[PDB]
Ligand SMILES: CCCCCCCCCCCCCCCCCC(=O)OC[C@H](COP(=O)(O)OCCN)OC(=O)CCCCCCCCCCCCCCCCC
Ligand SMILES: Cc1cc2nc3c(=O)[nH]c(=O)nc-3n(C[C@H](O)[C@H](O)[C@H](O)CO)c2cc1C
Ligand SMILES: COC1=C(OC)C(=O)C(CC=C(C)C)=C(C)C1=O
Ligand code: FES
Ligand code: FES
Ligand code: NA
Ligand code: NA
């Protein structure tokens, strides 16, 4: 590969043809092989870390959540299908859905005796097409801007593509996934100059676009389980209706315990369900210093304080008032947003003091939307997007206090 | 019925609103006269009513401030030192004034609106402006598009100015046809190639421009000057012809024009560093004064060089004078290269543009090109190109002074 | 009580800038610098907190139907009355600041000419007539709308200042990117829409 | 002719200038309201410019703004009555933005920039031209927002909807605030790539 | 010159006001008719009377519709200017309205007018149908509807939502003709003379007496519709009036 | 006294032995023009000219009166010039022992000397160039004065020599130099050192301050920020301990003292140690027969801040007290960015190397990645102990917002103060150059 990559560089050079594809060919060469660049001036030595390794660490950090998500997505769907149909009726349903008979063809079974392999396989049939569509469509916009503007491709899109695919319902139509990533990549990032030069979270901007443009496909009772003809409310929606007592899984008929939500054995977005899986990945990137623990700490502080305040105030009518902090933690997309989306460094505050305020605002807003906004059962995406708008302001307040300390010579 | 009530109610509301505004203005907006001190002299202090720009009040008094763009804040030649008052510096002013200058208090009088008492410290040069109407003596054409103008002082003595200065010329509306101009036969033949006499200029309103001096200080009685005719671009015929330059060319012996005192900021440095001159077109006026000033007025022994850009032997002028100065004093040497010698010129010397000729002849082998004072005046193409070569030689901007005439 | 919801409604739930699109010309213009943007927001609040309650009394005492006389309703004299009154108060406030509060004139009076006949003030007063608000509600609403307007402009100024590091394509640089930026801001402010 | 079309693509009040943005983002959800709004702004802008020019020499600078606003406000009040009496349905849709025409920066900008220092006849044409360019952006945004958000143009079903036994699913974001912001920005981008002179340094 | 300024402002104010005053006062009659026909177009549509054009709407509304005022506390007809009655304005004033308790306010409406207008459809000298305006808070905005109740006082003939602000596709489907058409033939009350109309999440059983399919993916808006009928058909709404209708 | 916790000590292999030995004989010396910030030279010598030890070679046009004098006596063999005729170096071939002498004083008189007298001797001898001003890291103007002169008697640069070992051999000169600085300063002299003991001045003006912590704890910029914060109106002077010994020698013997002790160290240096050399010594001759085979990079100064010693720049810098030699890191590795970094050092904990604590790394000149836009993961805050918001400041430098950078503390910074920020940047920005671009803009516009 090394010899082939080096030799073909002549063609992609300005003298040779296909120069318009240099930004993509050089990306492949640099992607496979680290460049042989040496420092040109001081510092003559550099840290081993680079943008490529940072993104891959985040990309790997969500793998455990992604793998469980596929397993959970298949499990929820298979359970619902058997709870709704049986016998030849199930066979017709399986025959009328390419997700179902493709799983049968590859060795899985849609029967209730299905093991983890068939459930994970079935969940893959939903996740992979979404991820492939998001990667290809979003990657096309990335290369187009780089090619036209003569920029080198940036590796930040790897995190955006995977995260966006893991925050959508399993049943999301592909054509809507293409539009969602297109809005997030283009409107939120590229027109600002690409990775590191924007202010809004790209993946959440794409989800918000679908959230407000096609609400029927990303809300309600028909999108969070991939069993055709099945209707089931998620835990957050159920709590808003009848409190903790309403937390029931109709497909399986079993009550939803805190442990169930914690492990991720609940309907929802593929990737968000398992708080345990997200914590495992979040621990690594936080330990590695890639994700800010001040933002994560701030989010927890804001969530616990406001939720406890709602607990004390009480409400005989709004059941969301009595949801405790530890239930807020394991429900919806709070865990996913706090660890892998609130920590987006570009859209977060650039000062350590601001990061605390930035995270606290995120945590406060999520509970607020969850509790006192009837329309939306969850508000993590909206909370983060709202917090992005004010992150530069927290930095400005902190920096202006720094400037006042300096004009006083730090009291020296 | 309702129509009547609305009509009266409408008027009451409007009258009540304006009466409050009009009443408030009288009791909140002072109408006292504004007093501005010029250079701290009580006699020069000017009392002016509120309103208007600073450039207007000063002009009425005995101090005249140079201005090219006028009330647009574009040229920046009207910079004044405002010790106090006038508020903060406007963002447009910063475009032509550096931050350090703003700390000193430099401001544009035209861009500054007079609304409160202000203190000004205008220098002697701006303070000492005298308006005179000299008499035109000769208007012969020096070259194809260059005319030498001689002005006779009307009040006697001579105009006090420094080498490389200029005088602002103001003229009223007047219609002049290029056919009215008188040109020698030598240059007439070249003019006959395109028949530029067809052009006709009609200056609708009075105009003000600047013109550099071409007489060294010791010269008394005649104020030599060089004028370049303004014509529409060869590639853009749909442009009005010259308005101020054309009017000057229409004048002959016995004509009168105003000089409105001297001005300028183009001068040499009182040091022993070698001087280098790059003249072009109308630039031969200020350059000539420097050579004359440094030969008899000061009798300077410093090295002096001149590099004039010309297109043909006909364009060359003052050659006989230059030869005498070089021959009489060896400290000064002049050179010129022809960008396109005529077939009959039979030039056997430097050929091309001074952009590369000067480098390939003098600056290439110069041991300390940076340790030299550079003065330039000529077409923008020659000026812009030359500085790039000078920049490539490590010549600092502070060592080069530009006086481009356009 | 009732006032806090009204104050909360006029800041977050109802956003005069990002939802009703009022004052966009000035909002999308002076947004470059946070310090200047903060000054305009303060100036807008002063005009709004004074304009709305003053117009509320005028509307309820003169323009309100069947108020001056029985059977006559001078509703059509609504736009002229409000715009004229708003112009007077803004103009009157500026002059007194330059005569008694020099420091406030530069901080607040400098922006007042822009706030004269501004869509932000007129729209807020118009909504105060489209509804039935008491004088106390008029003041709480007027103060709330201005502060919420200040929140959006001050937020947009932080983003624009942060965008000094951005690389916007030519054609979008300046106004074009700012409109996109404002659109993104409106996206995040729709979290309170259902509230 | 040149002056009439100058404020369309060369000196657009909303693309190059930032005047009239408030109405652009509010009424462009439908072409009927958008189209009617252009007529109201054109009618007021042209008349206000015409009248202010007639009394320009006699207008006192002390209360000039009041005089200009009274003329503008009076016309808008008249326009409000016409809309209420005729096109009542459209009047209800426009909500309070008919009155906001008075504060529309285009109306006041031309009343001072041009009408106060211009002959009344060309002043009227300037008002018509500015209203035209204002409507060019208003109608362009209205076209996409109605077509993509409802599948309808002027209330006529262009794209059959799934809810009505069709194939097209309308985009809900085209009805909300952000869409107008994004469409205008991309419209400015398109305009400035074909007229690079308007690019900001 | 203060005299010059006063002359221009006074003269300009007088002429401009005259045009404004004349325009508003003169066109007021036309404006009143235009506003009215919008409500008449809806009432005719729910009534099943096909009309087209302002002239036809006005002519047919007067011929077939007889607006009347009703007192909720008694459910008995009262005398007043029904044709020019604004129930919304009345509901905002304590003189002609009341404040509901939290328990009573099933429809979540803050206030309810003491007297509300109703519309009777008459083929001839006989009332073939009664139209009852009912409103209740939705997810996003107050929703106003017209309900055409047959002479029986139980069966519903037509429904239409003429003012709503729910999300199109999810909650704005109350305007969908297919969903509205499902109400025809349903019964507002059960045998025990109690509200029985129920919005069934997931779709009502076919042939249901009181089963209307809820709006798919729009439980919150569908909940509002249920709350509207649970209140307006109850004691504090049109319940007592419908009891009188059942017996004449 | 002042303890630093935010910073980074780079564990590069080849630390010096901290024993002073005699280096290879040097027959070539040069002064480097680009090293002096904002210096436009006025040449006073030509190739083939004979010069004395302390004879003037060139003058500064924008700093009149400052004389850059030769370190050695000999012949001028070349005057290297670069793009735009930028003076790179003036190489002098060592020959003879002629020198320019000056006045000499007893150690007990130095503290009492007149300030103008001290300035004249320092300027004429060329030793005035040892001082650098903060802000702008320029040679102080002849007529200027400073209320705070900072003496850097410590070195936390990687592979740096220990000042205590050098200062101990020249205790009297160092104390004599401090006495001269006591009279030169209008205010006080800050002797910034480590906890170890050093010779002390008996003048009340000379105050000893201890700084503990990693790099940047031994940087003059760090010391100024904690003891005498600088601005446009509060200018401090910086001088290193070896120049202080030179100042003391000049006023004790009346001769320019040009001997220096520099650490020759690095992964490819066979015997890393301290060597005695001369100012501007040819590094090609200094490192001869002391480096491992291969393509190496010789650096005047530290690997964090320093000049590539190649061609006309292959001479010891005026302010550099060490020579670091590294391998050129041109190797391309398959998925090198994706490997567990047992042998990779990082500020982050994303490599295995940080687990093997106490390990040393054979760092090369590899950039360890391509150039990318800043993605701040908090690396800058981890190595920046000053009271600043580095990410915001670095963004200002990237955008060229000179005025904003001034508000955020750019005027307090020299290039070396941002070396760690450059080192840890995932986007591979080089903030030292950006800071200089901002500082130059402020000087010119101001
Ligand atoms: C990181 C890259 C992106 C993410 C990629 C994620 C890919 C997910 C693929 C899931 C595949 C799971 C296969 C697990 C095999 C072990 C099976 C096991 O332990 O569970 C048993 C369970 C139930 O058993 P049953 O199906 O009933 O068969 C036995 C009948 N007596 O199940 C079974 O017995 C297994 C029945 C299914 C066998 C399928 C084999 C071929 C298809 C799977 C591989 C391709 C997946 C798609 C492409 C991915 C490419 C990245
Ligand atoms: C810790 C971390 C978190 C990230 N989170 C997100 C994210 O939530 N959404 C996204 O689109 N990109 C994310 N990225 C990728 C990238 O930084 C982001 O798109 C920036 O906004 C691009 O400038 C993340 C990167 C890192 C290192
Ligand atoms: C980092 O490396 C990257 C590539 O490497 C080959 C890509 O092709 C592309 C482009 C992808 C597609 C599907 C066109 C992107 C976006 C990218 O980031
Ligand atoms: S006259 Fe040109 S700047 Fe004032
Ligand atoms: S249109 Fe200009 S502020 Fe509203
Ligand atoms: Na969970
Ligand atoms: Na909620």
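Residue numbers (PDB author numbering), protein chains in the order written: chain B, 3 to 414; chain F, 2 to 407; chain E, 2 to 196; chain D, 8 to 208; chain C, 7 to 254; chain A, 1 to 446. We put the CB at the ideal spot given by N, CA and C, even for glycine.
Could you work out which residues of chain F lie near residue i, taking near to mean beta carbons separated by less than 8 Å?
i	result
residue 70 of chain D	19, 22 and 23
residue 77 of chain E	7
By the 10 Å Cβ neighbour count, where 16 or more other Cβ atoms means buried, how is residue i classified, buried or exposed?
i	result
residue 198 of chain D	buried
residue 188 of chain F	buried
residue 139 of chain A	buried
residue 202 of chain A	exposed
residue 134 of chain D	buried
residue 95 of chain F	exposed
residue 381 of chain A	buried
Using three-state DSSP, classify residue i as helix, strand or coil.
i	result
residue 32 of chain B	helix
residue 153 of chain E	helix
residue 143 of chain B	helix
residue 193 of chain F	helix
residue 256 of chain B	strand
residue 176 of chain A	helix
Give the interface partners of residue i over in chain B, defined as CB-CB distance under 8 Å, in chain order.
i	result
residue 228 of chain A	414
Using a cut-off of 9 Å between C-beta atoms, extract the partners of residue i located in chain C.
i	result
residue 29 of chain F	Result: empty, since nearest Cβ-Cβ is about 17 Å, beyond 9 Å.
What does residue i reach in chain B if we use C-beta pairs closer than 7 Å?
i	result
residue 16 of chain A	Simply none; closest approach about 17 Å.
residue 43 of chain E	Going along chain B, no residue has its Cβ under 7 Å from residue 43 of chain E, so there is no contact; the nearest lies around 16 Å.
Going along chain E in order, which residues have a C-beta closer than 8 Å to the C-beta of residue i?
i	result
residue 398 of chain A	166
Query raised in the report: Is the stretch 148 to 157 of chain F touching the stretch 219 to 226 of chain F, taking contact as three or more C-beta pairs under 8 Å?
Result: yes
Query - Cβ pair count under 8 Å reaching 3, the stretch 426 to 439 of chain A against the stretch 395 to 414 of chain A - result: Flag = yes, the stretch 426 to 439 of chain A and the stretch 395 to 414 of chain A touch.
Query - Closer than 5 Å: residues whose CB approaches a heavy atom of ligand 4 - result: F/68, F/70, F/74, F/76, F/77, F/79, F/109 and F/111
Query - Contact the stretch 183 to 196 of chain A vs the stretch 108 to 115 of chain A: 3+ CB pairs below 8 Å - result: yes
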